[PDB]
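Contents: one structure, followed by commentary.
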Amino acid sequence: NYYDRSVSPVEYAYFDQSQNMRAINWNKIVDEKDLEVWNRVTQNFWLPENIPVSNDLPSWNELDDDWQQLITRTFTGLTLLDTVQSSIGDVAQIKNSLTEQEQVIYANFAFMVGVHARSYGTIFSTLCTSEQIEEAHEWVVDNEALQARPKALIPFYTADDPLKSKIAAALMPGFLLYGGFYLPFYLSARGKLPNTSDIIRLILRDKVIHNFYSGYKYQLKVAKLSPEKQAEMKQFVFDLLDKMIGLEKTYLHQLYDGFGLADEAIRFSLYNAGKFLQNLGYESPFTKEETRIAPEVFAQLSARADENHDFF
Amino acid sequence: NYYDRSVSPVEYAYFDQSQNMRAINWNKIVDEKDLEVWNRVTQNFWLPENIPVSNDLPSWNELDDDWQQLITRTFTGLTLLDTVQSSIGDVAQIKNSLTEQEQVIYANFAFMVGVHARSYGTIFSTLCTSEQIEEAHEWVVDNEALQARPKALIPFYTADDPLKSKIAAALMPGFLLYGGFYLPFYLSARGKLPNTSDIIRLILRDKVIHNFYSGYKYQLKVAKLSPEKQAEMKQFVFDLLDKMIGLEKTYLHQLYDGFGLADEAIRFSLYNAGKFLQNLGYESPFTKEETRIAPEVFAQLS
Ligand SMILES: [Ca+2]
Ligand SMILES: [Ca+2]
Ligand SMILES: [Ca+2]
């Protein structure tokens with residue numbers, strides 16, 4: 001009974017002070033899925049300094065300056081998105097949690113997306129020059145097409161609609177970074193930068209769970225709403241995704257057209273847009289033509305993360 | 001410089017949207033201290049499952065059910081404070097960061113204080129009955145003296161003053177939990193629950209850095225203020241600490257009721273109150289007599 005006549009501290013801080021606060025109870029758990037997720041993400045802890053990025057130097061050096069600039073720029077753009085999710089997106093989910101363990105899981109997510117951003121830094125430190133690193137930061141700041149994407153999602157985190165925030169949260173690991181992740185998988189399919197792709201697979205091992213978990217929590221909340229409100233939220237999800245696809249296409253054409261990779265990158269992106277919708281409980285409208293990924297690239301995408309790079 | 005004509009995402013989200021956003025730059029950093037702290041806390045990653053708490057069963061069984069109730073209550077009280085810090089306190093610090101790396105470090109802090117709270121659950125699962133666990137949760141909810149402490153500090157996290165929020169964020173790891181931490185060290189000094197004390201030491205290894213780091217960042221910000229505004233902040237700190245010491249004493253006298261540990265626990269608490277003030281750049285007013293800790297208890301800090 002104590003649980004039903006008390007609130008978690010975050011509920012007390014922001015929503016309701018009619019009752020006293022309860023400490024987190026890990027001994028009687030409301031949702032077994034939370035313990036499962038907690039155990040999986042904590043057991044998957046890793047740091048980028050355990051992966052030997054120096055072994056990419058031979059294949060890195062065979063790439064010309066334009067290819068090296070593209071990689072640096074693409075990765076710095078991905079770093080921006082992780083900075084958004086670490087410092088705003090994931091932490092904004094904590095107060096809207098259904099369960100106590102979920103509050104701690106989103107804290108873990110925010111930290112681990114921080115590590116993802118840190119790992120690009122370790123790649124740049126090993127492979128890139130000081131001038132390449134600085135140019136890419138300049139390029140990210142001045143790229144309106146790049147900037148438009150996080151600019152569209154951030155307002156949902158700072159506003160007071162929890163479901164819209166949760167959708168925006170899941171749209172980051174579930175969709176937005178895949179246009180960029182195409183490049184390292186394109187490269188490693190041609191034997192280029194293999195140790196970098198190991199870092200990308202570790203990042204993806206986390207982001208796949210982040211997307212699933214937010215989608216899972218989204219479905220639980222919207223299931224309680226009226227059919228009218230469910231229909232309103234479905235409309236919002238497709239409207240937002242349609243907008244984000246439009247912005248993503250413009251960014252990826254700008255990023256990849258000179259290398260001839262934009263159409264493949266967009267199909268790679270739309271494949272994951274379908275998976276994003278599936279993880280929110282909706283059907284994907286995209287055709288097999290629209291979501292076609294080349295076998296060699298999909299092999300790099302779906303390859304298992306190496307457990308030798310784990311912390312323990 | 002791209003940096004001087006852009007903002008971090010969190011600055012964009014909450015403060016200023018006039019300029020475009022910059023990705024975190026780990027290849028050129030503003031404050032070398034952030035790298036040192038980041039490296040230390042990440043390398044110190046631990047989970048409670050890797051301590052063999054089951055080896056405390058013999059000494060747990062040597063303790064009567066009044067002592068077992070005290071331990072469960074004390075730790076569930078500490079769990080509440082960690083829950084406040086993980087879910088509100090540390091994450092509130094992110095948007096008030098001086099540097100990009102600090103934003104990510106506070107994300108680590110919130111996660112790790114989460115792990116601290118989780119480790120008490122591991123101890124309870126290993127040693128306590130379900131009814132012992134539930135009684136302690138009831139007791140925490142209904143204890144007005146316990147509740148007064150987080151209730152006094154939470155407003156600073158939800159309010160618009162970054163320095164007052166920072167002071168509150170330092171006061172929990174730097175002061176409030178030490179009254180509870182006295183118990184396991186008192187016990188392990190007498191050979192009771194040695195493996196539990198290893199979890200407590202892993203928690204403290206984090207919390208000491210958390211208190212240092214928040215104190216360090218507070219000092220950098222307050223140094224930029226005018227002497228009058230610096231004096232005003234110093235006055236706020238000593239006044240707040242005075243109130244929190246008052247509430248802690250009342251709580252600890254209640255908590256240790258029947259055991260005779262409250263005076264020693266309060267001295268142990270005030271020792272850390274002095275260290276809290278030192279981490280904020282102020283001097284400790286507390287006497288040697290007021291902060292006296294027995295050698296055997298102090299030995300368990302290490
Ligand atoms: Ca093409
Ligand atoms: Ca048991
Ligand atoms: Ca005494």
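By order in the structure tokens, chains are A, B, ...; within a chain, residues start at 1; ligands start at 1, following the order shown.
Near ligand 1, at distances of 7 Å or less and with only C-alpha atoms and all ligand atoms counted, sit the residues residues 260, 261, 262, 263 and 264 of chain A.
All residues, whether protein, DNA or RNA, that have an atom at most 9 Å from ligand 3 (counting only C-alpha atoms and all ligand atoms) are residues 259, 260, 261, 262, 263, 264 and 265 of chain B.
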Counting only C-alpha atoms and all ligand atoms, which residues of chain B sit at most 7 Å from some atom of ligand 2, and what is each one's closest atom pair with its distance in Å to one decimal, listed by chain and rising residue number, as JSON lines?
{"residue": "B:125", "atom": "CA", "partner": "ligand 2", "partner_atom_place_in_ligand_line": "1 (Ca)", "distance": 4.7}
{"residue": "B:126", "atom": "CA", "partner": "ligand 2", "partner_atom_place_in_ligand_line": "1 (Ca)", "distance": 4.5}
{"residue": "B:127", "atom": "CA", "partner": "ligand 2", "partner_atom_place_in_ligand_line": "1 (Ca)", "distance": 5.8}
{"residue": "B:128", "atom": "CA", "partner": "ligand 2", "partner_atom_place_in_ligand_line": "1 (Ca)", "distance": 6.5}
{"residue": "B:129", "atom": "CA", "partner": "ligand 2", "partner_atom_place_in_ligand_line": "1 (Ca)", "distance": 6.8}
Next on the checklist: Counting only C-alpha atoms, a student should be able to say which residues of chain B come within 8 Å of chain A; what is the right answer, written as number ranges by chain?
Outcome noted: B: 2, 6, 9-10, 13-14, 20-27, 76-77, 79-81, 83-84, 86-88, 91, 94-95, 103-105, 107-108, 110-111, 114, 117-118, 121-122, 124-125, 130, 133, 137-138, 140-142, 147, 154-155, 158
Separating CA of residue 11 (chain B) from CA of residue 161 (chain B), to the nearest tenth of an Å, is a gap of 15.4 Å
Practice prompt. Give me the residues within 6 Å of region 164-175 of chain A as a ChimeraX atom specification, counting only C-alpha atoms and dropping any in the same chain fewer than 3 places off.
Written response: /A:89,153,156-157,161,178,207,211,214,272-273,276
Within region 190-267 of chain A, find each residue whose DSSP state, derived from the backbone, is alpha helix (DSSP H), and express the selection as number ranges by chain.
A: 194-222, 227-256, 262-267
- [ ] Compile the contact shell of region 41-47 of chain B as a PyMOL selection string: residues with an atom at most 7 Å away, counting only C-alpha atoms, same-chain residues fewer than 4 positions apart removed.
- [x] chain B and resi 37+115+206
